[PDB]
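K.L.:
sharing an experimental structure here, sequence included.
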Amino acid sequence: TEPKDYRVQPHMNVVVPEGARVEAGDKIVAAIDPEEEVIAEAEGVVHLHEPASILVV
Amino acid sequence: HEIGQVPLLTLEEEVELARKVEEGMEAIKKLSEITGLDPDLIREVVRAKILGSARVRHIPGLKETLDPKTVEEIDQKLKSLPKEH
């Protein structure tokens, strides 16, 4: 396994569950417009590791 | 003072909240495209749940509007869609 951290922009949004399955022909984080920012290269798991805030309910 | 109860939004929260609505507005069409029901109507029957715990007006516009047993049947058709719609 090989780690690699992508930086999610303010004007962006993720479409991945709490560490779920990720394919090679998939898009993880949606952007303002499709920039060469987030396209999946290889199989693995995306881990959320810095929310800007936390909601407790 | 009621007004001070609600707090300001982030340059990210503002954005993120807005993105839900535009899609919701599209979704509303997308539904009316499939159901064959009207955008103006779906938008009511959807609001008549998110707000309509009681919000379903006391008298339905003196029967201009319909708020009785009718609401569910619509949201019952919307619940009874195949998963992708």
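P.N.:
Here it is on my side, so go on. Numbers count the residues shown, from 1 in each chain, chains lettered A, B, ... in the order given.

K.L.:
count the neighbours of residue B:56 for me.
P.N.:
By the criterion of other Cβ atoms under 10 Å in any protein chain shown, residue B:56 has 19 neighbours. For the C-beta atoms, the positions are set from N, CA and C on the backbone; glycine is no exception.

K.L.:
against chain A, how distant is it?
P.N.:
26 Å (Cβ to the nearest Cβ, to the nearest Å).

K.L.:
same thing with residue B:52?
P.N.:
From residue B:52 to chain A the distance is 22 Å (Cβ to the nearest Cβ).

K.L.:
list the contacts for that residue?
P.N.:
Residues in contact with residue B:52 (Cβ atoms under 8 Å, 6 or more residues apart in numbering or on different chains) are residue B:71.

K.L.:
repeat that for residue B:81.
P.N.:
residue B:34.

K.L.:
strands along the chain, start to end?
P.N.:
Answering for chain A, as no chain was given. A:13-14, A:21-22, A:29-30, A:44-45 (DSSP state E).

K.L.:
counting by contacts, list what the third one packs against.
P.N.:
By that I understand strand A:29-30. strand A:13-14 (3 or more Cβ pairs under 8 Å, 6 or more residues apart in numbering or on different chains; DSSP states H and E).

K.L.:
quick one: strands adjacent to the strand it packs on?
P.N.:
strand A:29-30 (antiparallel) (DSSP bridges).

K.L.:
before we move on, back to that, same list (the strands of chain A) but as TSV, adding mean neighbour count.
P.N.:
Putting the strands of chain A into TSV (neighbours: other Cβ atoms under 10 Å in any protein chain shown) gives the following:
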stretch	mean neighbour count
strand A:13-14	14
strand A:21-22	13
strand A:29-30	16
strand A:44-45	12
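
K.L.:
which one of the ones you listed lies nearest to residue A:52?
P.N.:
strand A:13-14 (12.3 Å; Cβ to Cβ).

K.L.:
what's that closest one in contact with?
P.N.:
A:8, A:28-30, A:46, A:48, B:16, B:19.

K.L.:
mind running it again at 6 Å?
P.N.:
A:29-30 (Cβ atoms under 6 Å, 6 or more residues apart in numbering or on different chains).
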